[PDB]
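Okay, structure first, notes after.
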Amino acid sequence: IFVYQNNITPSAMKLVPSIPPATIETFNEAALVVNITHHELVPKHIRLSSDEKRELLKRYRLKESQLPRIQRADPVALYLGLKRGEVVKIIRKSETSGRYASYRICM
Amino acid sequence: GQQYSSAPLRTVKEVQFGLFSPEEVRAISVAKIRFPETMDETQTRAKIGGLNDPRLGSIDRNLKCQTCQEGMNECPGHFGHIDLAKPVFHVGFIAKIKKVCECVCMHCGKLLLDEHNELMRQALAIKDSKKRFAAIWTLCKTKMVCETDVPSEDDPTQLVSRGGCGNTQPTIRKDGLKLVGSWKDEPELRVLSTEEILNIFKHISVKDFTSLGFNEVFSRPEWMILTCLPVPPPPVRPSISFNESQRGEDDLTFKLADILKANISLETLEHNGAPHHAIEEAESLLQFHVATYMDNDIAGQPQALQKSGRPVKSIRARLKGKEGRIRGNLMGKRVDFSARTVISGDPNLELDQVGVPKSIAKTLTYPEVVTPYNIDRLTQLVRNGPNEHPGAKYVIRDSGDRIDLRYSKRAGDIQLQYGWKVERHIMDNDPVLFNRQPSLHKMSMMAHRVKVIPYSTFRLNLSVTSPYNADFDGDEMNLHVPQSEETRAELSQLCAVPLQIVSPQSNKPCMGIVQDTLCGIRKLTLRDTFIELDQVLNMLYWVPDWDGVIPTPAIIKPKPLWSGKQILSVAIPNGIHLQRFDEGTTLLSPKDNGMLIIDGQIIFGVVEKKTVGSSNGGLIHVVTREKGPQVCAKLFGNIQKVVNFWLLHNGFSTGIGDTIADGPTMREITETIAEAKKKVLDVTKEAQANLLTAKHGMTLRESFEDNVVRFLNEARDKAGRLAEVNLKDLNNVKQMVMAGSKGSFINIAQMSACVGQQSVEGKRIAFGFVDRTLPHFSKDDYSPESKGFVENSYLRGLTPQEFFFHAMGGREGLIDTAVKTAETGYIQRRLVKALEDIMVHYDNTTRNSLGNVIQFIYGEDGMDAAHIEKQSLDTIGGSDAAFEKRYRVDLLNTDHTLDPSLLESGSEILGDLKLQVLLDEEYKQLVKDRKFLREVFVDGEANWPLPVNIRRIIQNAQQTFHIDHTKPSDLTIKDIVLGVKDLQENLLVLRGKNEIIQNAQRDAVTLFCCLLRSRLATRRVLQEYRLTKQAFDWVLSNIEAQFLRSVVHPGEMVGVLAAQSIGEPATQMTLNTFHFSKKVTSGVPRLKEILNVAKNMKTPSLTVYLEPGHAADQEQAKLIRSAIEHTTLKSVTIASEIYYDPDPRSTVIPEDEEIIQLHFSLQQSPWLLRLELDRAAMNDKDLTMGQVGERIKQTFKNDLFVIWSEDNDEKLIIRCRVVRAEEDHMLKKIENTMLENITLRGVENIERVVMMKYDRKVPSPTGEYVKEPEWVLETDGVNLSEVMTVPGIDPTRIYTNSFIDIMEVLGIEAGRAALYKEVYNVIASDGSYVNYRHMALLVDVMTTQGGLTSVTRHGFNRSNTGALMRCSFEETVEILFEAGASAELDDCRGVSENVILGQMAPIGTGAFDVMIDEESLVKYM
Amino acid sequence: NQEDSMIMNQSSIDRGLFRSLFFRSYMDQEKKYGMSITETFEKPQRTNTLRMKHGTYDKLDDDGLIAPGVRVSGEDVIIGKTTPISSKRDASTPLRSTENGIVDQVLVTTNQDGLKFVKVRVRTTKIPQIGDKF
Amino acid sequence: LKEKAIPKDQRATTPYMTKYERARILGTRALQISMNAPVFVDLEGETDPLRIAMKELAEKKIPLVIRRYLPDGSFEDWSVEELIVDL
Ligand SMILES: [Mg+2]
Ligand SMILES: [Zn+2]
Ligand SMILES: [Zn+2]
């Protein structure tokens, strides 16, 4: 993870995908001041293991498509460092049930 | 078709879209269309071997088809063709034909960009058919050379040859229907021949075009260019041939003849003496006609006019929605077995009946099959004839031949045979669909019981006036007659009026007692109201389900008298238990307040809207859930039959006497307006002497007017309140208001006391003339009288000034109304077209036509909206002390156990440690419940709508078992604790033997169970409800079974449900936002704003909450307001001056002579830039000259020498000289960069910042919630990203009505939250209630596709859903054009597709299949 | 009389309260197709292949018009006219199906061209009924 | 495929009958009764096909079977006999 103050030159940015399996993350110091995850409206997102996901699709007779999606750029997806494919489980409170769990596949 | 066909009968399961290969058109063709003629060749007025021609189909009712020899009804028509003299672009693809050229090398047919490019690999990767072609084009368009060699993946120094030529590529532009390129002294310009465009496309590799949007089998790019033009058979272009001598060919026949004529000119021209630059003239003409046949409404070109000056209907124009094939002939249709007449109200009809006039019943029929049961009766209907009421119109023999009973010589001696059908008259009690357009409801169309009556009107029960929205103001309605014993079952078993009684729109009932009955029910149910025997006996007879038992009079000795309450209770059925508390209701009700009904008998309280109307805890809402929809449907009638009869005799009226307010009260009113008039003058003269200090973020005028419009409304409201209070109980207007039958306070107020201030566009009537409202006034007149205040009542009557001003404001109302209906019109339809396909599947999951999950269980609970009522969660509120008192059982403390008076074991129960383990674990979970509920419903709101009315189950138990609140219970501590634990396990929403589904079940029942444990705790079940073992076990079974009822039904078409449940309350909206905290745009315009997902919104605002320990402190808030409120240099500046001061040590300005001395103690430009700042401006924005100075100083840095006066100096001045020819012009630049560019303080965009002392429910140390008002900041600008990171604020609370922004900062999941919040506040502004799930679905739908999906032509209509499905709204022809060119395959699982294909949609009754099991069949017989 | 509907005194209606007259004028002309080929107002009958209406032609006189006394109904032919084709094809005017009354006035004049022009006015007394507006 | 059929053991749908199933079985049977199909119940003076079908349903002598399809195409066959009618 890289916490840059103002900007990263496009020449430096070329080096981010350059070294796989290792994945490099770019974070602006100014954005991190407040933890968005902490906000009233932001519910709890939970990364699901390859198994946890497989089970979900199997248990709901789903194709990866049929699943509600989340952007790779989503503030919470960047926070949890979600890579494409990785499913997130979201637990929010409900006014109908007490709790409700939704799932969002990455893009 | 109508004849027997050997052929197998199948259903369309897929629609394969493709394009015609010219080759196909030739094979498929039955005729080579050769002559632009129609017929009359060799004299004979009969079809020519050229156009039309029998090779295609018959014009005459001939029998001859000459292809299938079948005849007009049976024959569909046969296609022909015209082989075109030169190729032509298909008008509808012209741009995609251009974009494919923009992608490929116009010399070798190679995809300009190879897989050798990394970005090309990224585009080529796209699994999506169209997004691939879009990404490919954006990359290939900027490529202008075909590469022979290119740098390899291995090393860029040693290039690798990828094949293909090295020609340069043209910059393509569209000129009308032609394509022109621009290759590269001076660029080369030549048109691109269709022939050439076609050759390149023929040379495009299979692999290449399949990588582009296309398909090898069904959609090859080359087919986008036409060479063989298919000729549609006559039924597509009908010769409306009137008379023998005359004809009358269709528009399309002319356009085709026009195409044919144009083709032969070109065919002869090129073959014979070709002048070549005349061949390109006749070629462009054939290119025009073929384009203009398919589309006439072309982008900037001449409309191909018909002889008349008429434009010629293109094929595009035919299918273009609202009235085109799709919208007007397929999603909608005119239909047989339908009737429509004027509707009239009837009190003597049962709820679910419909008075059909004899004439209508004698016209509409029903195909009854002759069966042993009916054979006897049917022959008598046939006998009766088509003219007697219970008669028949046709007998249809097995031989598929119709008998017209009106003429048949055998009409009298028809001997029926089993199997044959009798098309008999509609008789009494046949189910029929009754409807009142606009149909924005499930309710707008209901199933009714026929009741053949005389007189030309449809008679309907008055309590069903409400869901139809019908008045008898000349209103008309539709009736539809089902023709199958199956569709009768549909109507009767799903859409009957009794069923629809309780709406899932608002979890409340949609019908209640109205007008005459409501007015009369208040009057009947009173202490004063007593009935003499004579009439009591008649009132009893009128109730049809009367037991024949004369009730014992309430008064016996003086004279036997009965109260209204007593005999109305005759219609209220046994087992109906209702309790309600209003204002000061005691159990010995003083004002006849509230309502108490026991075993279906009234104890106290007047019956009105709150009881007997369409209320959430209604006498109706209860009767349905507690007795049956069939029972409730009867109660409607029975209440009306009695009430209306009593009221017929009691009588009711209204006169001008009821608008007459008592003299001294009129003196008081006149005085209230007079004192309010002087209170305005005082404020008017106050503001004229500049004394009046302006409000924060408001003009002196904005503030003056606010106060004026306030007094003038306060006045009208108070003066009105005087009239209302003066008006006697005998006042007939007050009576209707009291009952709630018609009328409100404002109605009384405007009629008796004062009409009030008139308003246009929020502001009191402005000066349309120069400085005055009418010539009748002097200039600059701001008086109540001049700006539109109406001093008079409607009784006293308006003055001419008052008349016009009221009329002005009145008009604004009719405009708004007319606009609001249009707007909501669209809103309802896009809402409905965006949700059609959403259903609850047999897996309790919410999905669409793709099978994509929206909700994981409908409405996050899996319950049917209809089976829900508001209930309170007792464990949420109150002091922790009172919780303890109400829930704690401690068998280990002498003063905290259950006394043996409660239960039999009471004596032996004390000290049982093992049992106290149960009550300890019980209370430990009860406590857990309270903490959780307060995590969910943070404000301490206890009243939430849930599925089982537990209060009523316990109530009904007490009555059922005649429970004595004296004798001790037979329940054990295990009987309760362990019984309630075991109930929870049987409350199933989802059944599934796996952790995912089981943990999902646990979540669905989470909230309901809190309420269960809360209302079934040991202390409560024994001390409160004094339940037996019997009572309790019954309560338990009832909760279980009643819960299981409440769950959603797989097939529940919740897409449309939700859509209509937002769309219909939208139509009932007044708006925009009153006529004047913040003034946010709300209702219809704000909802339009939401659905569109509009970026530039009318009222963007932030709501910043203060840091925890700062809420009370106004000074802390004042600071943050100051720290975020955007201040510019421009706002504090009076004037910017450029002086010529050549001595840096001396000043030409004598004022500044002091300022130099000091900012020169403790090279420069001779040009001075002097700025004069305003003291008051600096003081409203609490600024210092130094503050301002240092800001200018830091903007230009070491390029501008800045000096300034002190905050004491009589004149505030800043002097600026430049640092180190043509210099004066440089200062004019710097002066604008000072005013316009420089930001002094606060966050940008955040323009006006307001101070709000908002209230707040929060827990007290003692436990109970208490009003803790905190300071809050409101905005006139939005910048979340920055105002969140501001010190002193709460960035765990901060909200923005720009949900677009909250999505961007806090994530899609938190974006969803903000979206629902806004959608809810548009609905709740109008006061109205829509159950969570409806708005939740729309919000969930707009969101599942990771981001904000708009409810527009652009949003949901550009989804991966069906081709036909999407075309059924907004783009139509444009959708279907791409459908063929990209070879789409419609799944046929959307509702639309089946509606178009005339197939049973997989909706409700169609979501499952029915099979006969020969096994179970042979078992029964 | 609930919800913007009203009760009316029938004994008043009898005495002629809110009672109104009604008239409708039907019009026709003998069109000239080219030269000497003219349409003709007559009472037509089954002569070769004429596509005659399903109404009562019997109410028409020899001129092909009703006499202004007769009661007309349903689709009773009120103007009898024929167009020739190279015998006779029907070009008659029936009454409006959805209507009935008594012939009030028949007017036979000439059009500016010098061809037969006719107008037929039909009378009906309409009585305030149960679904009528006020 | 015939993996489409879900077996009797392992069945997740409601053991109760949908409001739509009732309306369709009642209708389907009424229509069949109406076109002279054999009646499995003792029609106690009954003559209306819908009433006869409601009599058939109450006695659970309806020989039909509901194929409840799932979002993927797999189905659970439930019998009219075996479905609880709480409605
Ligand atoms: Mg109206
Ligand atoms: Zn044919
Ligand atoms: Zn090339």
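Shown for chain B, in order and in Swiss-Prot numbering: 3-186, 195-1086, 1091-1176, 1187-1244, 1254-1454.
Note: Cβ is positioned from N, Cα and C throughout, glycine not excepted.
Just one residue in B:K101, B:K924, B:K1350 has ubiquitin cross-link written against it in Swiss-Prot, and it is B:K1350. Swiss-Prot gives the label ubiquitin cross-link to one of B:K431, B:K695, B:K1205, namely B:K695. Residues B:810-822 are the range that Swiss-Prot records as region 'Bridging helix', among B:74-86, B:810-822, B:1214-1226, B:1227-1239.
Annotated by Swiss-Prot as region 'Rudder loop', the relevant range among B:154-171, B:306-323 is B:306-323.
Apart from B:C67, B:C70, B:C77, B:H80, the residues listed for Zn(2+) 1, the same chain places the Cβ atoms of B:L58, B:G59, B:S60, B:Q68, B:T69, B:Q71, B:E72, B:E76, B:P78, B:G79 within 8 Å of the centroid of those Cβ atoms. Around the Cβ of B:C67 (Zn(2+) 1 binding site), the same chain contributes B:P56, B:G59, B:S60, B:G73, B:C77, each under 8 angstroms and 6 or more positions distant in sequence.
Listed in sequence order, the recorded positions among B:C67, B:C70, B:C77, B:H80, B:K695 whose CB lies under 6 angstroms from an atom of ligand 2 come out as B:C67, B:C70, B:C77, B:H80. Rounded to a whole value, the Cα-Cα separation of B:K1350 (ubiquitin cross-link) and B:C148 (Zn(2+) 2 binding site) is 55 Å. Listed binding-site residues: B:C70, B:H80, B:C107, B:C167, B:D483. Those with a CB atom under 6 Å from ligand 1: B:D483. Sequence-distant neighbours of B:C110 (Zn(2+) 2 binding site) (same chain, 6+ apart, CB under 8 A from its CB) are B:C148, B:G166, B:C167, B:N169, B:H213. Other residues of the same chain near the Zn(2+) 2 site, with their Cβ within 8 Å of the Cβ centroid of B:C107, B:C110, B:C148, B:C167, are B:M108, B:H109, B:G111, B:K112, B:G166, B:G168, B:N169. In the three-state DSSP scheme, B:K695 (ubiquitin cross-link) is classed as helix. Taking B:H80, B:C107, B:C110, B:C148, B:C167, B:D481 as the candidate binding-site residues, the subset whose CB lies under 6 angstroms from any atom of ligand 3 consists of B:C107, B:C110, B:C148, B:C167. Checking the binding-site residues B:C70, B:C107, B:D481, B:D483 against chain C with a Cβ-Cβ cut-off under 8 Å leaves B:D481, B:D483. Within its own chain, the region 'Bridging helix' (B:810-822) has Cβ neighbours under 8 Å at 765, 768-771, 775, 783-784, 786, 795, 798, 800-802, counting only residues six or more beyond its boundaries.
When the binding-site residues B:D481, B:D483, B:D485 are ranked by how far their Cα is from the Cα of B:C107 (Zn(2+) 2 binding site), B:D485 comes first. Neighbour counts were taken as the number of other C-beta atoms within 10 angstroms of each residue's C-beta; across the binding-site residues B:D481, B:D483, B:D485, the minimum falls on B:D483.
Neighbour density around each Cβ, counted as other Cβ atoms within 10 Å, peaks among the binding-site residues B:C70, B:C107, B:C167 at B:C107.
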